[PDB]
Amino acid sequence: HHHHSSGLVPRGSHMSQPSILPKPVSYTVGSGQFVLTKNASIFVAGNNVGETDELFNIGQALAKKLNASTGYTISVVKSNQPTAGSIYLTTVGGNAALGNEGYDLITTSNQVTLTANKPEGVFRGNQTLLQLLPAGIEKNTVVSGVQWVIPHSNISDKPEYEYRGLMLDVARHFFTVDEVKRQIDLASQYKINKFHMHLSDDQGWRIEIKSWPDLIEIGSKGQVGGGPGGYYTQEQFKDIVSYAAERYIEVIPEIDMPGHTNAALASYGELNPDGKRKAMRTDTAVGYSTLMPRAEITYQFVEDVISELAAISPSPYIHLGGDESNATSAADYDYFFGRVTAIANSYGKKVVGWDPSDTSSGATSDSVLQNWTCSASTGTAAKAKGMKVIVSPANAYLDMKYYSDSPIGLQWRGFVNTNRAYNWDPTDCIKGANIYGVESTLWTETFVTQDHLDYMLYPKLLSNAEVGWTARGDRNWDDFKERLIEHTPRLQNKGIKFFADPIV
Ligand SMILES: CC(=O)N[C@H]1CN2CC[C@H](O)[C@@H]2[C@@H](O)[C@@H]1O
């Protein structure tokens, strides 16, 4: 047999017909179609009234989306007796083998029926349902001239990995609450279920801490390259968390320590050995900053921050960073990371940290490693301790240039095009681990606008999303590439300023 790898498409990028991404466990099509008309309702039915009420909210979110493009006013009914032409969302009789996020989705001429185990799984299945309707459905304004049809079809589905996440760096360049919500919204449509916010770094501190007000008054006032910066009040952070929750997305806030801490060091002189504030930094260096690992003030500061953040962050996890502490000795890092893990745990939060944070003797088997290095020895400690691992290899570093000539992005992990973002498996990063799942990271040294975010995340994030959801035996670049071409009008329809990658 003969085999080949993909080159660029001759003559440039390529960027009744459902476009399902990530690819579901199974999808068959039969004869006939359902027609969504102006008289359609969404019926919801759970195993008790409280579950029905949660399904009702999910139905209303679906209706709002459908109404925007169809110009209809589809309403939601609490009943297990849907009428011909109805969409029906239920958790009564879910197939347990499909888990919390899994669902069956069967479309007949008279009815769309989504059957899941939990409300969360109906939310995920609704993302597939939007992809079964014609391109045009994902428009934010009324589309005319398109019959709203869904082919007679049968889908069953469930994720391969539990953790399928996106990190946004809001420290290097700040993005508004609206801009963050939009990225969360877009990601949710591809079954991303986790959002990691990198809220502090050398060039900016982005979360209001009432007990340490100069973190904002001084530390939020810049960004890479110099510029106004910005921050989230605690109310604005709660608003983000709530918006994410409606999409069954967990938000994990990161306060990076003991390195990548210049913004805090520039806000409070008492955090520095000489008692003086650092100057704020707008460059892109490079592992130089450290908290004082042997000063009690450091741990008082960390505790105040953790206390305030824990009070407003319902996720059982807090991310404490731990990357590139090059100005911290190995002994002091071990010590520091163990102490701050104990503080976090005292506030009822489990700690996620970048490698090498798993090597801290203060870590517990409840701590999580985010493995970005992905070398042979990375996560030896995590594995030995029974710690779950989230992988973020080069293939998930979405801030890398697509190509040598990309007008934005970095290149310290090489180039990451749409193909590279697809052709990998979490087991490539680490062997012998409990892999919790995958996280796409979008660092923002070089991204200043929403259009920059769109360009790098789309289509790359779609590749990573499939690696998290679709089983490896069912993944194939040639298949995905052709599906991505078909999906293009949908990206356009959503207003995504994607890069038309010439490898697609
Ligand atoms: C976990 C991680 O990727 N940390 C840093 C790794 N460095 C390497 C050089 C880049 O500035 C990049 C920076 O964007 C990231 O914040």
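Positions are given from 1 along the sequence. The figures that follow rest on heavy atoms only: side chains count, while hydrogens, waters and symmetry mates do not.
Residues that satisfy the ring pair (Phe, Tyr, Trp, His ring centres under 6.0 Å) test with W212, not counting sequence neighbours, are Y268, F301. By the side chain to side chain contact (heavy atoms under 4.5 Å, CB included) test, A263 pairs with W205, sequence neighbours left out. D479 pairs by the salt bridge (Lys or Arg N to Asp or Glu O under 4.0 Å) definition with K23, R483, not counting sequence neighbours. The side chain to side chain contact (heavy atoms under 4.5 Å, CB included) search around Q33 returns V35, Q147, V149, not counting sequence neighbours. Considering only residues two or more places apart in sequence or on other chains, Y317 meets the ring pair (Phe, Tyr, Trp, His ring centres under 6.0 Å) condition with none of them. In this view, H196 and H319, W354 satisfy the ring pair (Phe, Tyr, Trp, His ring centres under 6.0 Å) rule, not counting sequence neighbours.
Side chains of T449 and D451: a donor-acceptor N/O pair is absent below 3.5 angstrom, by distance only. Checking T113 against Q111 by side-chain atom types alone, a donor-acceptor pair falls below 3.5 Å. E208 and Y231 are not linked by any side-chain donor-acceptor pair at a separation below 3.5 angstrom, with hydrogens and angles left out of the test. Judged purely by distance below 3.5 Å, without hydrogens or angles, the side chains of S392 and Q370 pair a donor atom with an acceptor atom.
Counting heavy atoms from C-beta outward, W148 and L66 have side chains that stay 4.5 Å or more apart. When side chains are defined from C-beta on, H198 does not count as touching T444, because their heavy atoms never get closer than 4.5 Å. Between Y397 and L410, every side-chain heavy-atom pair lies at or beyond the 4.5 Å cut-off. Here the side chains of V251 and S313 are not in contact, with every heavy-atom distance at 4.5 Å or above. Using a 4.5 Å cut-off on side-chain heavy atoms (C-beta onward), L129 and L105 make contact. Contact of the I207 side chain with the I255 side chain is registered, since non-hydrogen atoms from C-beta on lie closer than 4.5 Å. The shortest side-chain heavy-atom distance between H152 and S31 does not fall under the 4.5 Å cut-off.
Residue pairs meeting the salt bridge (charged side-chain N to carboxylate O under 4.0 Å, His left out) criterion with at least one member in residues 141-168, sequence neighbours excluded: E101-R164. Residue pairs satisfying the ring-ring contact (aromatic ring centres under 6.0 Å, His included) criterion with at least one member in residues 125-146, sequence neighbours excluded, are absent. Here ring-ring contact (aromatic ring centres under 6.0 Å, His included) pairs that include residues 168-188, with residues two or more places apart or in two chains, are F174-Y232. Residues in residues 24-63 take part in no ring-ring contact (aromatic ring centres under 6.0 Å, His included) pair, two or more places apart or across chains. Residues in residues 104-128 take part in these ring-ring contact (aromatic ring centres under 6.0 Å, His included) pairs, two or more places apart or across chains: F123-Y248.
The backbone N or O of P82 lies less than 3.5 Å from no partner atom in the side chain of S86, so there is not a single donor-acceptor pair. A donor-acceptor pair is defined here as one N or O able to donate and one able to accept, closer than 3.5 Å; no such pair exists between the side chain of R124 and the backbone of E120. Using a distance-only test at 3.5 Å, with no hydrogens or angles considered, no donor-acceptor pair links the side chain of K181 to the main chain of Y243. Of the possible donor and acceptor atoms, one in the side chain of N67 sits under 3.5 Å from a partner among the backbone N and O of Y72. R475 places a side-chain N or O within 3.5 Å of a backbone atom of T470 that can act as its donor or acceptor partner. In this structure, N464 contributes its side chain and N395 its backbone to a donor-acceptor pair below 3.5 Å.
Taking the centre of each ring, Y455 and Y402 come in below the 6.0 Å mark.
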Q: Please report the C-alpha distance between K221 and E217 in whole Å, then the side-chain angles of each, then the deciding distance to 0.1 Å, and finally whether the salt bridge (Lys or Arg N to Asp or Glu O under 4.0 Å) criterion is met.
A: CA-CA 7 Å; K221 299 298 165 63; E217 288 313 308; 3.7 Å; yes
In a table with atom names and distances, give each donor-acceptor pair under 3.5 Å that connects a side chain of residues 494-504 to protein atoms at least two apart or in another chain.
residue : atom : partner : partner atom : Å
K494    : NZ   : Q189    : OE1          : 2.7
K494    : NZ   : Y190    : OH           : 2.8
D501    : OD1  : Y403    : OH           : 2.5
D501    : OD1  : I503    : N            : 3.0
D501    : OD2  : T418    : N            : 2.9
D501    : OD2  : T418    : OG1          : 2.7

